[PDB]
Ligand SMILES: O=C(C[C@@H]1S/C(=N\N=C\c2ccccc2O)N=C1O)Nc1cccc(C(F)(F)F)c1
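Presented as structure tokens, the chain that follows is alone, the form deposited without the named molecule.
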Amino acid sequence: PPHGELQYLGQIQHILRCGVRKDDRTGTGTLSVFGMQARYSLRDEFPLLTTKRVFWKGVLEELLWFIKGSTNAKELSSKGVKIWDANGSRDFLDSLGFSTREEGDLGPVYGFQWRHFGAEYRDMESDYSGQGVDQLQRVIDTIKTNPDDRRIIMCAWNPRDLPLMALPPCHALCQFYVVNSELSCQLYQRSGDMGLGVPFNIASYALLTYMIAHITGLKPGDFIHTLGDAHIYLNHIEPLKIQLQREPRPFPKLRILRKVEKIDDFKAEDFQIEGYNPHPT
């Protein structure tokens, strides 16, 4: 078997070679490619990239934050993870016109879309219990009842809610798939930062799969990563060039430390990564 990270590095080679120049919303400033797909096996290994360190604590703590259904960036920052803070800033919110929202109010992002799709969004601290659609539970339930179902889909893209978010999700939807008691997951990521973003988004959905496969009593299969606008920022061309030279270490292993039955009962101390020795930045 070849390494799973060799797909990610190969995707960088392609963008560096055949990628064309394209700007984002600020004028920057990228080398882009439209349409990619890589498959990462989760079978007795966890696709946490090794040619550079990945913020696993950020990965883990953000997902639980999503699963909680939280939409307040302060509730995440308390755990020492700051990747969402600047979007709930007391000035950036007014930049989008959201002057009425208090500090932290991202609007109807992932956690709200996952647990309460369709619901009318009030504030961060409003209780949306039983309101909307808990498609995360619908996923877990459907897997338990009809594993053959070709509809196990959790969509975070709500066209009604787009003008109310800090920014539209880079992960439109994910779809789950069960065969031979193996749970597999495909993620559709509309936009991907191969340098900074992408490695984080592989761990995040490999983790979710590991969570659901644990609950539904299945064993993790493949994680399919599908990209739309796969781009490399020009100020990363050289650091990525040197990283391509590095050789992938053996993937670590994600292990759950207690039998968890419900999904909202998962805590950051239930997961342990062992054997993770990445390259130095």
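Shifts are known only where both forms have a C-alpha. Position 1 is the first residue in the sequence shown; the rest follow in order. Only the largest set of C-alpha atoms that superpose within 1.5 Å between the two forms is called the rigid core.
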query	finding
Third-or-more of other entries without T100	yes
Cross-entry absence of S126, a third or more of other PDB entries	no
Mean C-alpha B-factor comparison - 98-106 and 147-155, higher one	98-106
Segment of higher mean CA temperature factor, 66-74 or 218-226	66-74
Out of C185, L167, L136, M211, highest CA B-factor residue	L167
Peak C-alpha temperature factor (PDB record), options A119, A203, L173, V179	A119
Lowest, middle or highest third - CA B-factor, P47	lowest
Cα B factor band for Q113 (lowest, middle or highest third within the chain)	middle
Where the record places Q243 (Cα B-factor, split into thirds across the chain)	highest
Record-listed C-alpha B factor of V20: chain third	lowest
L207 by Cα B-factor - lowest, middle or highest third of the modelled chain	lowest
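In what follows, reference is made to the form solved in complex with the named molecule, a form of this protein that is not presented.
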property: Pocket open vs blocked [the named molecule transferred in the bound PDB entry by site C-alpha superposition; 2.4 Å, backbone or C-beta, 3 atoms]; result: blocked
property: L76, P108 and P199 all contacting the named molecule in the bound PDB entry, non-hydrogen atom within 4.5 Å; result: yes
property: Proximity of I224 to the named molecule in the bound PDB entry, heavy atoms at 4.5 Å; result: no
property: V54, heavy atom within 4.5 angstroms of the named molecule in the bound PDB entry; result: yes
property: Partner contact for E62 in the bound PDB entry: the named molecule, 4.5 angstroms, heavy atom; result: yes
property: Listed range touching the named molecule, judged in the bound PDB entry by heavy atoms within 4.5 Å, from 46-54, 31-39, 212-220, 248-256; result: 46-54
property: Identity of the moved residue from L207, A166, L136, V178, C-alpha shift 2 angstroms or more, core fit between this form and the one not shown; result: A166
property: Shift in CA distance, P159 and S70, in the bound PDB entry relative to the form shown here, given it is 3 Å or more; result: closer
property: Direction of Cα pair change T51-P169 in the bound PDB entry, magnitude 3 angstroms or more; result: farther
property: Residue ranges moving between this form and the one not shown (criterion: at least three consecutive CA positions shifted 2 angstroms or more, core aligned); result: 105-112, 156-161, 164-171
